[PDB]
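Have a look at target_27.cif below; it lists mmCIF, C-alpha atoms and all ligand atoms.
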data_input
loop_
_atom_site.label_atom_id
_atom_site.label_comp_id
_atom_site.auth_asym_id
_atom_site.auth_seq_id
_atom_site.Cartn_x
_atom_site.Cartn_y
_atom_site.Cartn_z
CA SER B 1 63.10 -72.24 -28.15
CA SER B 2 63.97 -69.21 -26.01
CA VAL B 3 67.53 -69.29 -24.66
CA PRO B 4 68.22 -69.58 -20.91
CA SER B 5 70.62 -67.00 -19.54
CA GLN B 6 74.23 -68.10 -19.02
CA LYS B 7 75.34 -65.01 -17.07
CA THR B 8 77.46 -65.86 -14.03
CA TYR B 9 75.67 -64.65 -10.89
CA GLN B 10 77.03 -65.36 -7.42
CA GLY B 11 73.93 -63.87 -5.76
CA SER B 12 73.29 -63.37 -2.06
CA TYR B 13 74.87 -66.69 -1.00
CA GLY B 14 78.07 -66.35 -3.03
CA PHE B 15 77.29 -69.36 -5.21
CA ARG B 16 79.95 -70.77 -7.53
CA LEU B 17 81.16 -74.09 -8.92
CA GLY B 18 84.46 -75.79 -8.33
CA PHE B 19 86.31 -78.66 -9.94
CA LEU B 20 88.88 -81.16 -8.72
CA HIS B 21 92.34 -81.28 -10.35
CA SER B 22 92.35 -84.54 -12.33
CA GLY B 23 95.25 -84.03 -14.76
CA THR B 24 95.46 -85.06 -18.42
CA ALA B 25 96.75 -88.64 -18.29
CA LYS B 26 95.47 -91.03 -20.96
CA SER B 27 93.71 -92.87 -18.11
CA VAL B 28 91.65 -89.81 -17.13
CA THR B 29 87.89 -90.14 -17.61
CA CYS B 30 86.96 -86.56 -16.61
CA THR B 31 89.20 -83.48 -16.52
CA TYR B 32 88.43 -79.78 -16.17
CA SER B 33 90.35 -76.99 -17.88
CA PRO B 34 90.22 -73.65 -16.02
CA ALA B 35 91.88 -71.91 -18.96
CA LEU B 36 89.04 -72.94 -21.27
CA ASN B 37 86.35 -73.18 -18.54
CA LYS B 38 85.67 -76.53 -20.15
CA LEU B 39 85.01 -80.02 -18.79
CA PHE B 40 86.26 -82.96 -20.87
CA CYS B 41 84.65 -86.28 -20.00
CA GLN B 42 83.97 -89.75 -21.36
CA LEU B 43 80.47 -91.04 -22.08
CA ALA B 44 78.39 -91.83 -18.97
CA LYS B 45 81.35 -91.43 -16.59
CA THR B 46 81.02 -89.73 -13.21
CA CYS B 47 81.76 -85.99 -13.35
CA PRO B 48 82.13 -84.54 -9.83
CA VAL B 49 81.21 -80.87 -9.59
CA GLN B 50 81.69 -78.92 -6.37
CA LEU B 51 79.11 -76.43 -5.12
CA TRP B 52 80.52 -73.56 -3.07
CA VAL B 53 78.62 -70.90 -1.12
CA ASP B 54 79.76 -68.15 1.25
CA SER B 55 76.60 -68.53 3.37
CA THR B 56 74.13 -71.40 3.77
CA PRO B 57 70.98 -70.96 1.63
CA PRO B 58 67.51 -71.67 3.05
CA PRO B 59 66.09 -75.20 3.35
CA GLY B 60 64.38 -76.09 0.09
CA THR B 61 67.03 -74.46 -2.08
CA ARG B 62 67.72 -76.61 -5.14
CA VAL B 63 70.43 -77.00 -7.78
CA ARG B 64 69.46 -77.40 -11.45
CA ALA B 65 71.63 -78.38 -14.43
CA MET B 66 70.72 -77.71 -18.07
CA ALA B 67 72.64 -77.95 -21.36
CA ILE B 68 72.47 -75.39 -24.18
CA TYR B 69 74.41 -75.11 -27.42
CA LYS B 70 77.28 -72.63 -27.12
CA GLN B 71 77.13 -71.19 -30.64
CA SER B 72 74.73 -68.34 -31.41
CA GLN B 73 73.34 -70.11 -34.48
CA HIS B 74 72.32 -73.19 -32.47
CA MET B 75 71.40 -71.95 -29.00
CA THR B 76 67.66 -72.07 -29.78
CA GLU B 77 67.84 -75.85 -30.40
CA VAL B 78 67.04 -78.15 -27.48
CA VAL B 79 70.06 -80.21 -26.40
CA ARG B 80 69.00 -83.87 -26.31
CA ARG B 81 70.39 -87.36 -26.71
CA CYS B 82 70.89 -88.55 -30.31
CA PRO B 83 68.48 -91.07 -31.93
CA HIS B 84 70.82 -93.94 -31.01
CA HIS B 85 71.51 -93.21 -27.35
CA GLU B 86 67.93 -92.21 -26.52
CA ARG B 87 67.01 -95.82 -27.36
CA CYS B 88 69.81 -97.33 -25.28
CA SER B 89 68.73 -99.64 -22.49
CA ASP B 90 70.66 -97.61 -19.93
CA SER B 91 67.83 -96.23 -17.80
CA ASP B 92 68.64 -95.66 -14.14
CA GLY B 93 64.94 -95.75 -13.24
CA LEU B 94 64.64 -91.96 -12.90
CA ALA B 95 66.18 -90.15 -15.86
CA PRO B 96 64.06 -89.98 -19.00
CA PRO B 97 65.94 -91.64 -21.87
CA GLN B 98 66.06 -88.39 -23.86
CA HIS B 99 68.01 -86.38 -21.25
CA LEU B 100 71.69 -85.71 -21.88
CA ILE B 101 72.54 -84.81 -18.26
CA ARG B 102 71.86 -87.15 -15.36
CA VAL B 103 72.58 -86.87 -11.65
CA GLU B 104 74.22 -90.04 -10.36
CA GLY B 105 73.43 -91.52 -6.95
CA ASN B 106 70.75 -89.10 -5.75
CA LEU B 107 67.28 -90.59 -5.28
CA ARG B 108 65.79 -87.09 -4.87
CA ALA B 109 66.88 -86.08 -8.37
CA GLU B 110 63.98 -84.78 -10.44
CA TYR B 111 63.94 -84.49 -14.24
CA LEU B 112 61.98 -81.76 -16.00
CA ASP B 113 60.72 -81.39 -19.54
CA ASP B 114 59.74 -77.72 -19.67
CA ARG B 115 56.18 -77.39 -20.95
CA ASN B 116 56.97 -74.15 -22.83
CA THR B 117 60.60 -74.34 -23.96
CA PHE B 118 60.78 -78.18 -24.14
CA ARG B 119 64.25 -77.99 -22.59
CA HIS B 120 65.48 -80.75 -20.29
CA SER B 121 66.95 -80.22 -16.84
CA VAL B 122 67.76 -82.19 -13.70
CA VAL B 123 67.40 -80.71 -10.22
CA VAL B 124 68.37 -81.93 -6.74
CA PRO B 125 67.87 -80.50 -3.25
CA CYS B 126 70.77 -78.38 -2.06
CA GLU B 127 72.29 -79.81 1.10
CA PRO B 128 74.72 -78.38 3.65
CA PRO B 129 78.26 -79.77 3.54
CA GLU B 130 78.96 -82.84 5.63
CA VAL B 131 80.77 -82.68 8.97
CA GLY B 132 84.40 -81.78 8.33
CA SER B 133 83.84 -80.58 4.75
CA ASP B 134 83.58 -77.13 3.19
CA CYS B 135 81.52 -77.84 0.07
CA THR B 136 79.08 -80.28 -1.44
CA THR B 137 79.56 -82.33 -4.60
CA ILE B 138 77.08 -83.38 -7.28
CA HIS B 139 77.94 -86.27 -9.61
CA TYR B 140 76.83 -85.64 -13.20
CA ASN B 141 76.79 -88.02 -16.20
CA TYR B 142 76.72 -86.97 -19.86
CA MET B 143 74.90 -89.63 -21.86
CA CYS B 144 75.88 -88.71 -25.46
CA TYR B 145 79.14 -87.88 -27.22
CA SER B 146 79.64 -84.37 -28.55
CA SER B 147 80.17 -86.03 -31.93
CA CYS B 148 76.91 -88.02 -32.01
CA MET B 149 75.15 -87.69 -35.37
CA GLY B 150 71.57 -86.47 -35.13
CA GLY B 151 72.39 -85.12 -31.66
CA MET B 152 75.05 -82.61 -30.63
CA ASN B 153 76.74 -83.39 -33.97
CA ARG B 154 80.17 -81.98 -32.99
CA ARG B 155 78.60 -78.74 -31.70
CA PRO B 156 79.91 -77.48 -28.33
CA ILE B 157 77.50 -77.21 -25.42
CA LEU B 158 77.45 -75.35 -22.13
CA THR B 159 76.13 -76.72 -18.87
CA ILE B 160 74.31 -74.05 -16.84
CA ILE B 161 74.06 -74.71 -13.10
CA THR B 162 71.48 -72.62 -11.26
CA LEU B 163 70.84 -72.23 -7.55
CA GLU B 164 67.07 -71.83 -7.07
CA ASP B 165 64.65 -71.28 -4.23
CA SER B 166 61.73 -73.63 -3.60
CA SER B 167 59.61 -71.88 -6.26
CA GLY B 168 62.35 -72.08 -8.89
CA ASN B 169 63.38 -68.42 -8.66
CA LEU B 170 67.01 -67.63 -9.44
CA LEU B 171 69.48 -67.40 -6.54
CA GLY B 172 72.74 -68.01 -8.38
CA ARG B 173 74.17 -69.17 -11.68
CA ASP B 174 77.44 -70.59 -13.03
CA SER B 175 78.36 -72.44 -16.22
CA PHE B 176 81.05 -74.37 -18.06
CA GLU B 177 81.59 -75.75 -21.55
CA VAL B 178 81.54 -79.54 -21.97
CA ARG B 179 83.08 -81.90 -24.50
CA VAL B 180 81.99 -85.54 -24.21
CA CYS B 181 84.70 -87.54 -25.96
CA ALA B 182 86.67 -90.78 -25.95
CA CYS B 183 90.02 -89.22 -24.91
CA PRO B 184 89.41 -86.30 -22.53
CA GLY B 185 93.05 -85.98 -21.43
CA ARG B 186 94.33 -85.78 -25.00
CA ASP B 187 91.60 -83.37 -26.12
CA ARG B 188 92.13 -81.03 -23.16
CA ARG B 189 95.87 -80.94 -23.92
CA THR B 190 95.20 -80.15 -27.59
CA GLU B 191 92.67 -77.40 -26.93
CA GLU B 192 94.89 -75.76 -24.30
CA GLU B 193 97.81 -75.81 -26.75
CA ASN B 194 95.62 -74.24 -29.45
CA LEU B 195 94.52 -71.51 -27.03
CA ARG B 196 98.17 -70.72 -26.30
CA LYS B 197 99.05 -70.61 -30.02
ZN ZN B 201 74.59 -90.20 -28.83
#

As structure tokens, what does this structure read like?
Ligand SMILES: [Zn+2]
Amino acid sequence: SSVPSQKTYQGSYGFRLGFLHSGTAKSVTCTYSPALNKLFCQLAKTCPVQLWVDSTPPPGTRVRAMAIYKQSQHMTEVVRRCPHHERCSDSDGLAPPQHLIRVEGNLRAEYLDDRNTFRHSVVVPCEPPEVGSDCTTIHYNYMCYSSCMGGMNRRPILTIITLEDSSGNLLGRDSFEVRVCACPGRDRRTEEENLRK
């Protein structure tokens, strides 16, 4: 399948992602490494991602998330749940069982299977920040381990977040690598040490 662009693009509204500072304790379920631009998270745990804009986009703007393989030799392969997890009885009523990425706690989430590329994505309406806040947050879940056989199979993935208008045209784009693993704090520490070495 053709490969979606991963080029960072702030666009007219100054769109970019942000992440909370969670640390690398053994108790951490989700931690983001700025040095690696990489999120480490446990299976099906809440991953809060901040959406930042310099100016408010029009009503009907939406935010889409999609996973692609990071490595050149695999980026044409659709990222999907492995044969085991796609048959898990863990439906939330909205997400198709094949989709790796879910949005948690948003009843207006929509899930797309692209008719031409067959890629999966999940999209929600963009909303203005609440009273007293400067950004909005989306809660994502990753429903397969990076290591799952017959699925990601230890291959790294990227999540691409796109800001879109009501027709789906591109307004902004940002991305981050993801590792879904049992011990995100330990793995983030290891990979940051390797990068230093
Ligand atoms: Zn799996």

(request) Go ahead and compute the interatomic distance for CA of residue 45 in chain B and CA of residue 29 in chain B, in Å to one decimal. (result)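 These two atoms are separated by 6.7 Å.
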
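Taking all atoms listed in the file into account, ligand ZN 201 (chain B) lies nearest to B:180 out of the set B:20, B:78, B:122, B:180.
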
(message) Please compute the CA of residue 80 in chain B-CA of residue 176 in chain B distance, one decimal, in Å.
(response)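 Atom-to-atom, CA of residue 80 in chain B to CA of residue 176 in chain B, that is 17.4 Å.
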
(request) Would you list the contacts of range 182-194 of chain B as a list in words, taking every protein, DNA or RNA residue within 10 Å and counting all atoms listed in the file, but skipping same-chain residues closer than 4 positions in sequence? (result) residues 22, 23, 24, 25, 26, 27, 28, 29, 30, 31, 32, 33, 34, 35, 36, 38, 39, 40, 41, 42, 43, 145 and 146 of chain B

(message) Around ligand ZN 201 (chain B), which protein and nucleic acid residues have at least one atom no more than 10 Å from it, if we count all atoms listed in the file? List them as a VMD selection string.
(response) chain B and resid 43 80 to 88 100 142 to 153 180

Using the selection just defined, write its residues with C-alpha atoms as an mmCIF file, in the frame of the given file.
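As written to disk, part-v5.cif reads:
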data_model
loop_
_atom_site.group_PDB
_atom_site.id
_atom_site.type_symbol
_atom_site.label_atom_id
_atom_site.label_comp_id
_atom_site.auth_asym_id
_atom_site.auth_seq_id
_atom_site.Cartn_x
_atom_site.Cartn_y
_atom_site.Cartn_z
ATOM 1 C CA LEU B 43 80.470 -91.040 -22.080
ATOM 2 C CA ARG B 80 69.000 -83.870 -26.310
ATOM 3 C CA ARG B 81 70.390 -87.360 -26.710
ATOM 4 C CA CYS B 82 70.890 -88.550 -30.310
ATOM 5 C CA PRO B 83 68.480 -91.070 -31.930
ATOM 6 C CA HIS B 84 70.820 -93.940 -31.010
ATOM 7 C CA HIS B 85 71.510 -93.210 -27.350
ATOM 8 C CA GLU B 86 67.930 -92.210 -26.520
ATOM 9 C CA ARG B 87 67.010 -95.820 -27.360
ATOM 10 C CA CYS B 88 69.810 -97.330 -25.280
ATOM 11 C CA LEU B 100 71.690 -85.710 -21.880
ATOM 12 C CA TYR B 142 76.720 -86.970 -19.860
ATOM 13 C CA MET B 143 74.900 -89.630 -21.860
ATOM 14 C CA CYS B 144 75.880 -88.710 -25.460
ATOM 15 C CA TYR B 145 79.140 -87.880 -27.220
ATOM 16 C CA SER B 146 79.640 -84.370 -28.550
ATOM 17 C CA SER B 147 80.170 -86.030 -31.930
ATOM 18 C CA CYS B 148 76.910 -88.020 -32.010
ATOM 19 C CA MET B 149 75.150 -87.690 -35.370
ATOM 20 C CA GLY B 150 71.570 -86.470 -35.130
ATOM 21 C CA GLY B 151 72.390 -85.120 -31.660
ATOM 22 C CA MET B 152 75.050 -82.610 -30.630
ATOM 23 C CA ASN B 153 76.740 -83.390 -33.970
ATOM 24 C CA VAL B 180 81.990 -85.540 -24.210
#

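Using all atoms listed in the file for every distance, the candidate list B:48, B:62, B:154, B:133 yields B:48 as the residue closest to residue 105 in chain B.
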
(message) Just want the 12 Å neighbourhood of residue 73 in chain B, counted on all atoms listed in the file, with same-chain residues fewer than 6 positions away dropped. Output as number ranges by chain.
(response) B: 3, 155-156

Since the input lacks some atoms of range 98-117 of chain B, please model N, CA, C and O atoms and print them as a PDB file, in the coordinates of the input.
ATOM      1  N   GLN B  98      65.666 -89.455 -22.953  1.00  0.00           N
ATOM      2  CA  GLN B  98      66.060 -88.390 -23.860  1.00  0.00           C
ATOM      3  C   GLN B  98      67.068 -87.421 -23.242  1.00  0.00           C
ATOM      4  O   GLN B  98      67.696 -86.660 -23.987  1.00  0.00           O
ATOM      5  N   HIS B  99      67.223 -87.415 -21.918  1.00  0.00           N
ATOM      6  CA  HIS B  99      68.010 -86.380 -21.250  1.00  0.00           C
ATOM      7  C   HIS B  99      69.506 -86.628 -21.362  1.00  0.00           C
ATOM      8  O   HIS B  99      70.003 -87.715 -21.034  1.00  0.00           O
ATOM      9  N   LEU B 100      70.237 -85.589 -21.780  1.00  0.00           N
ATOM     10  CA  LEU B 100      71.690 -85.710 -21.880  1.00  0.00           C
ATOM     11  C   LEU B 100      72.339 -85.783 -20.505  1.00  0.00           C
ATOM     12  O   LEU B 100      73.228 -86.615 -20.285  1.00  0.00           O
ATOM     13  N   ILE B 101      71.893 -84.945 -19.564  1.00  0.00           N
ATOM     14  CA  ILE B 101      72.540 -84.810 -18.260  1.00  0.00           C
ATOM     15  C   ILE B 101      71.761 -85.579 -17.211  1.00  0.00           C
ATOM     16  O   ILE B 101      70.567 -85.317 -16.990  1.00  0.00           O
ATOM     17  N   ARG B 102      72.449 -86.461 -16.499  1.00  0.00           N
ATOM     18  CA  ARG B 102      71.860 -87.150 -15.360  1.00  0.00           C
ATOM     19  C   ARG B 102      72.609 -86.780 -14.094  1.00  0.00           C
ATOM     20  O   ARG B 102      73.792 -86.428 -14.150  1.00  0.00           O
ATOM     21  N   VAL B 103      71.918 -86.873 -12.952  1.00  0.00           N
ATOM     22  CA  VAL B 103      72.580 -86.870 -11.650  1.00  0.00           C
ATOM     23  C   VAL B 103      72.714 -88.316 -11.187  1.00  0.00           C
ATOM     24  O   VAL B 103      71.736 -89.070 -11.180  1.00  0.00           O
ATOM     25  N   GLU B 104      73.927 -88.697 -10.813  1.00  0.00           N
ATOM     26  CA  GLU B 104      74.220 -90.040 -10.360  1.00  0.00           C
ATOM     27  C   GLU B 104      74.077 -90.141  -8.846  1.00  0.00           C
ATOM     28  O   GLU B 104      74.513 -89.249  -8.118  1.00  0.00           O
ATOM     29  N   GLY B 105      73.472 -91.233  -8.383  1.00  0.00           N
ATOM     30  CA  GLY B 105      73.430 -91.520  -6.950  1.00  0.00           C
ATOM     31  C   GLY B 105      72.717 -90.489  -6.103  1.00  0.00           C
ATOM     32  O   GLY B 105      73.180 -90.174  -5.000  1.00  0.00           O
ATOM     33  N   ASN B 106      71.592 -89.958  -6.580  1.00  0.00           N
ATOM     34  CA  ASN B 106      70.750 -89.100  -5.750  1.00  0.00           C
ATOM     35  C   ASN B 106      69.296 -89.461  -6.035  1.00  0.00           C
ATOM     36  O   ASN B 106      68.763 -89.116  -7.093  1.00  0.00           O
ATOM     37  N   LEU B 107      68.654 -90.146  -5.090  1.00  0.00           N
ATOM     38  CA  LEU B 107      67.280 -90.590  -5.280  1.00  0.00           C
ATOM     39  C   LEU B 107      66.266 -89.454  -5.257  1.00  0.00           C
ATOM     40  O   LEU B 107      65.104 -89.683  -5.625  1.00  0.00           O
ATOM     41  N   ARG B 108      66.661 -88.254  -4.831  1.00  0.00           N
ATOM     42  CA  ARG B 108      65.790 -87.090  -4.870  1.00  0.00           C
ATOM     43  C   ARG B 108      65.988 -86.263  -6.136  1.00  0.00           C
ATOM     44  O   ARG B 108      65.430 -85.170  -6.243  1.00  0.00           O
ATOM     45  N   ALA B 109      66.782 -86.750  -7.082  1.00  0.00           N
ATOM     46  CA  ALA B 109      66.880 -86.080  -8.370  1.00  0.00           C
ATOM     47  C   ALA B 109      65.526 -86.061  -9.062  1.00  0.00           C
ATOM     48  O   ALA B 109      64.799 -87.060  -9.079  1.00  0.00           O
ATOM     49  N   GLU B 110      65.186 -84.920  -9.639  1.00  0.00           N
ATOM     50  CA  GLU B 110      63.980 -84.780 -10.440  1.00  0.00           C
ATOM     51  C   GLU B 110      64.354 -84.291 -11.835  1.00  0.00           C
ATOM     52  O   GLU B 110      65.247 -83.450 -11.985  1.00  0.00           O
ATOM     53  N   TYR B 111      63.678 -84.828 -12.847  1.00  0.00           N
ATOM     54  CA  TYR B 111      63.940 -84.490 -14.240  1.00  0.00           C
ATOM     55  C   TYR B 111      62.750 -83.733 -14.804  1.00  0.00           C
ATOM     56  O   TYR B 111      61.603 -84.169 -14.652  1.00  0.00           O
ATOM     57  N   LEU B 112      63.026 -82.613 -15.467  1.00  0.00           N
ATOM     58  CA  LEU B 112      61.980 -81.760 -16.000  1.00  0.00           C
ATOM     59  C   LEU B 112      62.078 -81.661 -17.509  1.00  0.00           C
ATOM     60  O   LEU B 112      63.168 -81.443 -18.058  1.00  0.00           O
ATOM     61  N   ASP B 113      60.931 -81.829 -18.166  1.00  0.00           N
ATOM     62  CA  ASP B 113      60.720 -81.390 -19.540  1.00  0.00           C
ATOM     63  C   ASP B 113      59.857 -80.141 -19.473  1.00  0.00           C
ATOM     64  O   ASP B 113      58.670 -80.221 -19.149  1.00  0.00           O
ATOM     65  N   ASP B 114      60.451 -78.990 -19.778  1.00  0.00           N
ATOM     66  CA  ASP B 114      59.740 -77.720 -19.670  1.00  0.00           C
ATOM     67  C   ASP B 114      58.568 -77.688 -20.643  1.00  0.00           C
ATOM     68  O   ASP B 114      58.729 -77.948 -21.838  1.00  0.00           O
ATOM     69  N   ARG B 115      57.385 -77.351 -20.123  1.00  0.00           N
ATOM     70  CA  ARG B 115      56.180 -77.390 -20.950  1.00  0.00           C
ATOM     71  C   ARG B 115      56.172 -76.316 -22.031  1.00  0.00           C
ATOM     72  O   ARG B 115      55.418 -76.446 -23.005  1.00  0.00           O
ATOM     73  N   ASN B 116      56.976 -75.265 -21.890  1.00  0.00           N
ATOM     74  CA  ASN B 116      56.970 -74.150 -22.830  1.00  0.00           C
ATOM     75  C   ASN B 116      58.189 -74.070 -23.719  1.00  0.00           C
ATOM     76  O   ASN B 116      58.055 -73.758 -24.907  1.00  0.00           O
ATOM     77  N   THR B 117      59.377 -74.343 -23.180  1.00  0.00           N
ATOM     78  CA  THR B 117      60.600 -74.340 -23.960  1.00  0.00           C
ATOM     79  C   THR B 117      61.004 -75.721 -24.453  1.00  0.00           C
ATOM     80  O   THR B 117      61.820 -75.819 -25.377  1.00  0.00           O
TER      81      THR B 117
END
